[PDB]
2 protein chains.
Amino acid sequence: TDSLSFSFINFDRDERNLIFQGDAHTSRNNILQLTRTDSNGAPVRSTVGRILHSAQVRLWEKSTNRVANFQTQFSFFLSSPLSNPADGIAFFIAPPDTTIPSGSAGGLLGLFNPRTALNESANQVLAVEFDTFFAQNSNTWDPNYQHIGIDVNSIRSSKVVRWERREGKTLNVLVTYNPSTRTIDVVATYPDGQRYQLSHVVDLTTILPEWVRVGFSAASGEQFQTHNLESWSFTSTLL
Amino acid sequence: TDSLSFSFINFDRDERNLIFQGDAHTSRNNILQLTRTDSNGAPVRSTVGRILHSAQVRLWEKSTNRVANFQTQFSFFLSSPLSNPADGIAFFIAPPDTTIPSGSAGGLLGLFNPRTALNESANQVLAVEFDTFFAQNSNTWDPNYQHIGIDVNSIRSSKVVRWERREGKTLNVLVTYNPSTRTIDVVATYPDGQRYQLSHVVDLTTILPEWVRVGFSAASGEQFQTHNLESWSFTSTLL
Ligand SMILES: CO[C@H]1O[C@H](CO)[C@@H](O)[C@H](O[C@H]2O[C@H](CO)[C@@H](O)[C@H](O)[C@@H]2O)[C@@H]1O
Ligand SMILES: CO[C@H]1O[C@H](CO)[C@@H](O)[C@H](O[C@H]2O[C@H](CO)[C@@H](O)[C@H](O)[C@@H]2O)[C@@H]1O
Ligand SMILES: *[C@@H]1O[C@H](CO)[C@@H](O)[C@H](O)[C@H]1NC(C)=O
Ligand SMILES: *[C@@H]1O[C@H](CO)[C@@H](O)[C@H](O)[C@H]1NC(C)=O
Ligand SMILES: [Ca+2]
Ligand SMILES: [Ca+2]
Ligand SMILES: [Mn+2]
Ligand SMILES: [Mn+2]
């Protein structure tokens, strides 16, 4: 596979190219609802949902020292009745057989096991997190504010920028990887022009295997919110 | 899925996004060898191989009357010691669960069952065939010359154009579907400029289900040749 691209303007109840994990489901409004809701659509405690595209990405080739670039765009909104809604949504990249770790329903965002969430040698994941919950006695790795973070094999972000959750409002995001500069760049905006930018230098060939899957994860622990993925496009080329 | 694209500059022995059926395999020269070879690489009798991309294409949407377009490019060469090498290679589109029919190793090109190969109501397939074998007492549906054909639910092509097989030589092909004119167009060239063109009006929403897979099939019966797929790119958008 030397190039791969796909897009979801919205999400289809009869989709065939998504792997659904945990509580992820497609709503009647063509929204990918990652986390569990009750019969009235209200968010509930202790839930993880994830999606991965069924098509795998060749991120690099050992035999030839080629590396892929990628560009991905997505939009989402979060809703909750709580003053401290939790826990957040992340774009992520992981080995193709990745599954939801035990104990990941909460501040580990469906990406990490509590026993190894800070142990880089035990993980293989790149994530861009939109983290709404930062209580310092439970999310001890977090900054003391809502934030966007680039995560490399750890729930402790390598880089963060302060971010403002806006109840019910859509955030649009562009994430790119440049293999020649080994840079992940993140740009996120709200419709009124409020902008967030974050970057981190990481050689993805050192943290991920040759073939990966890409997708999204979200979770709630004892505090909760819906995590509503509205759209997603992805392009990759193996230079 | 509102758009899907992928490409193979050549073929990877460690590919992850191809469904291999029958004798299809990837050679040490990064060639997709569809049909069976012996230990010396020589083609053998009575073999079918097919590949399908693992990602499914939404060809149309019943709920919304949207229809996809697609453009696909590929190249292949055929090799054989015989005066009458057989049987040919086809690009095809079929339901996602499609498998090799029994008795398809020969002039049915790995696409049809002998009992229903001419019964349109029993099939769901669009194929563009490159047919090298036309003996009139066994391939009774064929023109009496080598040909490119557009096949709609039948091994008897809806449209044909005379074509010249060239031993060991690469043919480059572009196939497109225009949903507004419901036209399949085929253009094939050899490096010296020799050109072949063929088109056929067929409403794909009337012959194929909403979700399909795309790929290639080749077969040999009592006469034989290798069917060597060199490259393949595919793009589709659901307008
Ligand atoms: C009200 O819940 C907060 O206080 C509790 C007691 O200190 C914590 O157990 C609780 O942590 C869990 O919920 C959060 C938010 O969903 C989650 O981030 C964390 O991983 C735990 O699941 C929370 O701090
Ligand atoms: C020498 O084989 C030709 O003559 C035989 C006797 O008439 C046929 O059985 C034979 O047909 C089978 O092979 C061809 C070529 O591979 C294939 O197109 C056909 O479907 C049969 O498998 C062939 O005509
Ligand atoms: C980190 O994880 C690896 C693999 O599970 C393990 O060998 C190592 O001991 C762990 N480190 C700590 C400090 O637990
Ligand atoms: C064609 O196929 C259909 C479905 O298998 C069958 O009902 C029909 O009788 C077939 N026609 C003939 C002439 O065999
Ligand atoms: Ca957190
Ligand atoms: Ca034939
Ligand atoms: Mn965080
Ligand atoms: Mn024919």
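In each ligand, atom 1 is the first atom listed, and ligand 1 is the first ligand listed. Hydrogens, waters and symmetry mates play no part in the numbers below; they use all other heavy atoms, side chains included. By convention in this document, chain letters (A, B, ...) are assigned in the order of the sequence lines, proteins followed by strands, and residues within each chain are numbered from 1.
Not less than 6.0 angstrom separates the ring centroid of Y145(B) from the ring centroid of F134(B). Note: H53(A) and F6(A) meet the aromatic proximity criterion, with ring centroids under 6.0 Å apart.
Taking the six-membered ring where the residue is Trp, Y196(A) and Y190(A) present perpendicular rings, their angle passing 60° and hence far from 30°. Ring geometry for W163(B) versus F130(B): interplanar angle over 60°, hence perpendicular rather than tilted (30 to 60°).
In summary, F133(A) places an N/O/S atom under 3.0 Å from the Ca ion (ligand 5), meeting the contact criterion. Inclusion of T132(A) in the first shell of the Ca ion (ligand 5) is not supported: no N, O or S atom falls under 3.0 Å. At least one N/O/S atom of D142(A), whether from backbone or side chain, sits less than 3.0 Å from the Ca ion (ligand 5). Residue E129(A): no N/O/S atom is found under 3.0 Å from the Ca ion (ligand 5).
Partner of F216(A) under the ring-ring contact (aromatic ring centres under 6.0 Å, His included) criterion, chosen from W232(A), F92(A), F20(A), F11(A): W232(A). Evaluated for a side-chain contact (heavy atoms from CB on, under 4.5 Å) with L78(A), the options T226(A), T35(A), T132(A) yield exactly one hit, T132(A).
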Could you check ligand 3 for N or O atoms lying under 3.5 Å from protein N or O atoms and list the pairs with distances?
| from | atom 1 | to | atom 2 | distance (Å) |
| --- | --- | --- | --- | --- |
| ligand 3 | 2 (O) | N119(A) | OD1 | 3.4 |
| ligand 3 | 2 (O) | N119(A) | ND2 | 2.3 |
| ligand 3 | 2 (O) | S121(A) | OG | 3.4 |
| ligand 3 | 11 (N) | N119(A) | ND2 | 2.9 |

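Remark: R166(A) engages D192(A) in a salt bridge, criterion side-chain N to carboxylate O under 4.0 Å.
Side chain of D87(B) to backbone of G221(B): a donor-acceptor contact under 3.5 angstrom is found.
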